[PDB]
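Enquirer: below is the sequence, then the experimental coordinates.
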Amino acid sequence: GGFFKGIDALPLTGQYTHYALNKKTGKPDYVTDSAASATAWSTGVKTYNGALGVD
Amino acid sequence: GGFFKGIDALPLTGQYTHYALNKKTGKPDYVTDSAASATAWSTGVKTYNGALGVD
Amino acid sequence: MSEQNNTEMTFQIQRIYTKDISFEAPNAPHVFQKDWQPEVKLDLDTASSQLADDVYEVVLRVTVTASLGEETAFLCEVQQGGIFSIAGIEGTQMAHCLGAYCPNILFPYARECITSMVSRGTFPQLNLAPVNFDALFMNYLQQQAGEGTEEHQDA
Amino acid sequence: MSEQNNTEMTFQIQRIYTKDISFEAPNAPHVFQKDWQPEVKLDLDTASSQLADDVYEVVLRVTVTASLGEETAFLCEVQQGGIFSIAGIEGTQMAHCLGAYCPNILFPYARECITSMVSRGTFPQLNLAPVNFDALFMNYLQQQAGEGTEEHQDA
Amino acid sequence: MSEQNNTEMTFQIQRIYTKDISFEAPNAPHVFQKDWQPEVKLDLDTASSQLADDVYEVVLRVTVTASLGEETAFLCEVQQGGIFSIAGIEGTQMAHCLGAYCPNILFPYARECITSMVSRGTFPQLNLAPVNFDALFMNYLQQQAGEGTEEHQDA
Amino acid sequence: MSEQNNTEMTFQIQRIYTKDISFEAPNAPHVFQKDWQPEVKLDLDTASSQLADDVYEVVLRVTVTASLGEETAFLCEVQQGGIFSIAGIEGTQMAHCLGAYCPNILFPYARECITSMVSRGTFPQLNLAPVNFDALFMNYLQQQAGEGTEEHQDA
C-alpha cells in the first residue's frame, strides 16, 4: 500500500457517483423521511430581554 | 406497543454502564484518537494603514 | 500481518475539511417578509480521488434548497472532503468504507457548516435529517445476498 | 422474535441534540507557543434513561484532555443526547442497543461539536478516531485468553 | 515582509479564538414541548490582560440565558479571547482600544459560536443584534473632552 | 481651505447578514502538501441600495485570494449585506454614510464569515486587517477632518 499497509488497491465500482445516486431523473429510494423536526425562527429578542412561555 | 411494537420489558443494559466506555489498562489497547489530526497553524495578518477609528 | 486473532479491520482518519462553500440569498432583503421555516429539500452529490493505496480521499457535497412562498430564501452548499485510512478489509466492504461510511463521517461537519451560513443569513433553524449515503447504494445492490459464516478477521 | 431473526427490527432517530457543551483553553496564548502534536486523550462514557415502549433517550458524554508538553492545551466535553426508536430485537441485543449502538450513532455529532470548538480555539484540528463502542465493553470479556499467533497463512 | 507603516496606534491582530465555550440544556428533552418565549438575556462582559510589552489579550464574555420562567430552556456562554499587539497609544485611546474596539472584533465570532450552540441543542435560530461597544464605552472613556471642527490644512 | 465635517446623522442597524458567501479549495488534498507561503489579496467593494425612504441597505463585497505560487491555496469572497436606516444627511454626507461608515460596520462580520470558512477548510486561521473605510472616503472627499482637545479638568 505504501501509506498504511496493503489493501492491494481501492477502486469504486468503475466510477464513483452517477452509477445510482446522482442529481438526475433516475433517483434511488431513501431521503426526505420521518426524521428531525422544524422548530421555529423566534429569537424573541426584545431590546435585551424576552418573556416567559407558560400556560 | 405504542410508539412502535417491540421492546418495553428490559433493564438499562447494566445499572448505568458498570464498566465506563473507555480504554482499560489490561491487554487490548483499543481506541487511538490522537493518531487523527491536521496539526497546522501559521498566519501573517497583513496590516493595512489608514487612520484611527473603528470597524 | 492480516492472519491472526485481533480486532477486525483498521480505520484511521488523517484530516477532515471543507473544500467549498456557497450561500446565495437571491431575494434576501424582501424574502424576510415571509416569517416561517422555508420549504427545505436536501440534494446530495459526491466526488473522490485516490491519494494512496490503503488511504482514500472522498468529498460529500451537500446542498440545501430553501424557499419562502414562490421566491428562494437561501441556497446553501458545502463540500466536506477528507483523507481517511481504510485497511484490513477486502472484497466489497473495503471500498464501501471510503465510498459510503467516510461521507457519513463528513456529513455532520457539512451539516454544521450549512447551519452556520443559514445563521449568517439569519434564516429559520435548519437541522438536516440523518441521511445515510450508504442506504441509496445499498438498496441498489440489495438484490445479491451474502449471509457469511461466523469467523472474525483481524486488522 | 422467538428466534434470532430480528426481521421487523426498527431503529428511527427522532432527534439529535447537545444537552451539554464545554470547551476550555486554560493556558491558551502561553500554550500556542508550542507548535506540535497536542497530546490528546479521549474519555467516553454512556448515559441514558429507560423510558421504554420503543422510546429510549440516550446520551454520550465525550470528553477530551489535550496537552502541549507538560501543560494543558485544550479541554472539551459534550453530552450528545438523542431519542431513538428501538424495537424488533430480543435476547442480549434487546437492551444492549441503548448502551452501545445508540451512543455510537451520537459520536459523529459528538466529535463534530468538539472538532469545531478545537479549531475555534485556534488549536490543531482534532478528529477523534471512529471506534466500535461494542468493542470497549467486549475488551473486558476477552481478558482471559491471549494465545494463538500462527505462522503466515498461505492459500 | 514590508511592515514600514508608522502612524498613531500600531494595531495588529494575532488571532481571535474561544478560551471558553459552554451550552447547558439539562432540561433539553422536556423543554422542546413548551411554548417558546424565553427571557433571552444578552450579557456583555469584557476584560483585558497585558501579556508582554505592547501585547494585550482582550476577552469578550458573551452570555445568553434562556428561561421560560423558572423553566430553563438553556444557558450559553462564549469567552472569545483574542491577542492584539497594540502600540503608540495610551490613556483613553488604550482604554477604548481594549474597552470597545477589540470586543467589537471578538463579537461576530462569539455570536456565531453561541447561535451554533443554540442550533446544536436544536432550539430555533437565536441571532443577537449588532451591539456597538464603541457606543457603550463612548459614555465612559475617562476625560470628557474630544470636540474639534476647526479649519486646519491636515488630517 | 474649507473643512466639511458630516453632522446631524441618524443611523439604525435594521439587520446585518450574509447575502452571498463563497469559499473555494478545489486543490484541497494536494494544497496541504504545498509550502504555506500564501499571497493573500484583500479587495473591497461597496454597493448601497434604497429599499425605502431613509432605509438603505449596504453590501460589503470583500474578496480574499491566497495563492502558493502557481497553485492556489483558497478563495474567500463574502458579500456581507446589511439593512440600515439612514437619515439626517444627503449628497456627499449620504455617500459618507453608505460608502464609508456602513461597509465599515459590515467589515467585522465580513472578516469573521471569511475566517470561519478558512478554519473549516483546515487552513490556519486568517483574520483580515482592520480597514478604516471612513479614512478611504476621506481620501476622495478632501483629506481634511479632525476633532479632539482632551483637557484634564477634574478636582
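Expert: It's in. Numbers count the residues shown, from 1 in each chain, chains lettered A, B, ... in the order given.

Enquirer: what about residue C:135, which helix or strand?
Expert: Counting by DSSP states H and E, the element that carries residue C:135 is helix C:133-140.

Enquirer: next, count neighbours for residue C:8.
Expert: The criterion is other C-beta atoms under 10 Å in any protein chain shown. On that basis, residue C:8 has 13 neighbouring residues. Backbone N, C-alpha and C define where each C-beta goes, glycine included.

Enquirer: so it touches residue C:90, yeah?
Expert: No - Residue C:8 lies out of contact with residue C:90 (C-beta atoms under 8 Å); the separation is 11.1 Å.

Enquirer: what's the separation between residue C:56 and chain D?
Expert: As defined by C-beta to the nearest C-beta, to the nearest Å, residue C:56 lies at a distance of 15 Å from chain D.

Enquirer: which strands and helices sit next to the longest helix anywhere in chain C?
Expert: Taking DSSP state H as the assignment, the helix of chain C that covers the most residues is helix C:102-121. Contact partners of helix C:102-121 among helices and strands, from 3 or more C-beta pairs under 8 Å, 6 or more residues apart in numbering or on different chains; DSSP states H and E: strand C:10-24, strand C:55-68, strand C:71-87, helix C:133-140, helix D:102-120, helix E:102-120, strand F:10-24, helix F:102-120.

Enquirer: dump the ones you listed to CSV, plus mean neighbour count.
Expert: CSV is the format used below for these (neighbours: other C-beta atoms under 10 Å in any protein chain shown):
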stretch, mean neighbour count
strand C:10-24, 22
strand C:55-68, 22
strand C:71-87, 24
helix C:133-140, 17
helix D:102-120, 24
helix E:102-120, 25
strand F:10-24, 19
helix F:102-120, 25
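
Enquirer: residues from chain C in reach of chain D?
Expert: Taking C-beta under 8 Å from any C-beta of the partner chain as the contact definition, chain C meets chain D at C:1, C:3-5, C:7, C:11-17, C:104-105, C:107-109, C:111-112, C:130.

Enquirer: secondary structure class of the residue in chain A positioned nearest to chain D, three-state.
Expert: Distance from chain D to each residue of chain A (C-beta to the nearest C-beta) is smallest for residue A:35, at 5.9 Å. For residue A:35, the assignment made with DSSP: H, G, I helix; E, B strand; the rest coil gives coil.

Enquirer: so who does it touch?
Expert: The contact partners of residue A:35, taken as C-beta atoms under 8 Å, 6 or more residues apart in numbering or on different chains, are C:129-130, D:12-14.

Enquirer: of the residues you listed, which is the nearest to chain E?
Expert: Each of the contacts of residue A:35 was scored against chain E by C-beta to the nearest C-beta, and residue D:14 proved nearest at 10.3 Å.

Enquirer: tell me which residues form a beta bridge with the residue nearest to the closest one when sequence neighbours are not counted?
Expert: Spatial nearest neighbour of residue D:14, chain neighbours left out: residue D:83 (4.2 Å); criterion: C-beta to C-beta, 6 or more residues apart in numbering or on different chains. Residues in a beta bridge with residue D:83, per DSSP bridges, are residue D:15, residue D:57.

Enquirer: can you name the residues that contact residue D:83?
Expert: Applying C-beta under 8 Å, 6+ apart, one finds that residue D:83 lies in contact with D:13-15, D:55-58, E:29.

Enquirer: recalculate using a threshold of 6 Å.
Expert: By C-beta atoms under 6 Å, 6 or more residues apart in numbering or on different chains, the contact list for residue D:83 reads D:14-15, D:57.

Enquirer: which one of those residues is nearest chain F?
Expert: When the contacts of residue D:83 are ranked by distance to chain F (C-beta to the nearest C-beta), residue D:15 comes first, at 24.7 Å.

Enquirer: where's the closest one relative to residue E:113, distance?
Expert: When distance is defined by C-beta to C-beta, to the nearest Å, residue D:15 is 22 Å away from residue E:113.

Enquirer: right, and the helices and strands packed on helix C:102-121 - which one's nearest residue C:36?
Expert: Ranking the helices and strands packed on helix C:102-121 by their distance to residue C:36 (criterion: C-beta to C-beta) puts strand C:55-68 first, at 7.1 Å.

Enquirer: excluding sequence neighbours, find me the nearest residue to the residue of chain A closest to chain D.
Expert: Taking C-beta to C-beta, 6+ apart, and ignoring the residues beside it in sequence, residue A:35 has residue C:129 as its nearest neighbour in space, at 4.1 Å.

Enquirer: ok, the one you found touching residue A:36?
Expert: Yes - when contacts are counted by C-beta atoms under 6 Å, residue C:129 is listed as touching residue A:36 (4.5 Å).

Enquirer: from chain A, which residue is nearest to chain F?
Expert: Of all residues in chain A, the one sitting closest to chain F is residue A:43 (11.4 Å; C-beta to the nearest C-beta).

Enquirer: ok now stretch C:57-76, how far from the chain's centre?
Expert: 14 Å (C-alpha atoms, centre = their mean, to the nearest Å).

Enquirer: ok, back up a step: just the angle between the longest helix of chain C and strand C:55-68, please?
Expert: Angle of helix C:102-121 versus strand C:55-68, following axes from the mean of the first three to the mean of the last three C-alpha atoms, to 10 degrees, is 40 degrees.

Enquirer: pull the residues that contact helix C:102-121.
Expert: By C-beta under 6 Å, 6+ apart, the list of residues contacting helix C:102-121 from outside reads C:16, C:18, C:23, C:25, C:58, C:60, C:62, C:64, C:74, C:76, C:78, C:80, C:82, C:84, C:126, C:128, C:133, D:108-109, D:112, E:115, E:119, E:125, F:17-18, F:21, F:113, F:120.

Enquirer: what does stretch C:44-52 give?
Expert: A:2-3, A:16-17, A:23, C:56-62, F:29.

Enquirer: and for stretch C:12-31?
Expert: By C-beta under 6 Å, 6+ apart, the residues outside stretch C:12-31 that reach it are B:35-36, B:38, C:59, C:68, C:71-85, C:109, C:113, C:117, C:121, D:127, F:18-21, F:23-25, F:28, F:51, F:57, F:117, F:120-122.

Enquirer: now name the helix or strand holding the residue nearest to residue A:38 when sequence neighbours are not counted.
Expert: Across the structure, with C-beta to C-beta, 6+ apart as the measure, the residue nearest residue A:38 apart from its sequence neighbours is residue C:37 (4.3 Å). Assessed by DSSP H and E, residue C:37 sits outside every helix and strand.

Enquirer: what's the separation between residue C:37 and residue C:124?
Expert: Relative to residue C:124, residue C:37 is positioned 4 Å away (C-beta to C-beta).

Enquirer: check residue A:35 too.
Expert: Using C-beta to C-beta, residue A:35 is found at 18 Å from residue C:124.

Enquirer: same check on residue C:83?
Expert: On the measure of C-beta to C-beta, residue C:83 and residue C:124 end up 35 Å apart.

Enquirer: swap in residue C:15?
Expert: From residue C:15 across to residue C:124, the span is 33 Å (C-beta to C-beta).

Enquirer: and what of residue A:17?
Expert: For residue A:17, the distance to residue C:124 (C-beta to C-beta) stands at 31 Å.

Enquirer: okay, those two: which has more neighbours?
Expert: Regarding residue A:17 and residue C:124, a neighbour count based on other C-beta under 10 Å identifies residue C:124 as having more, with 22 against 19.
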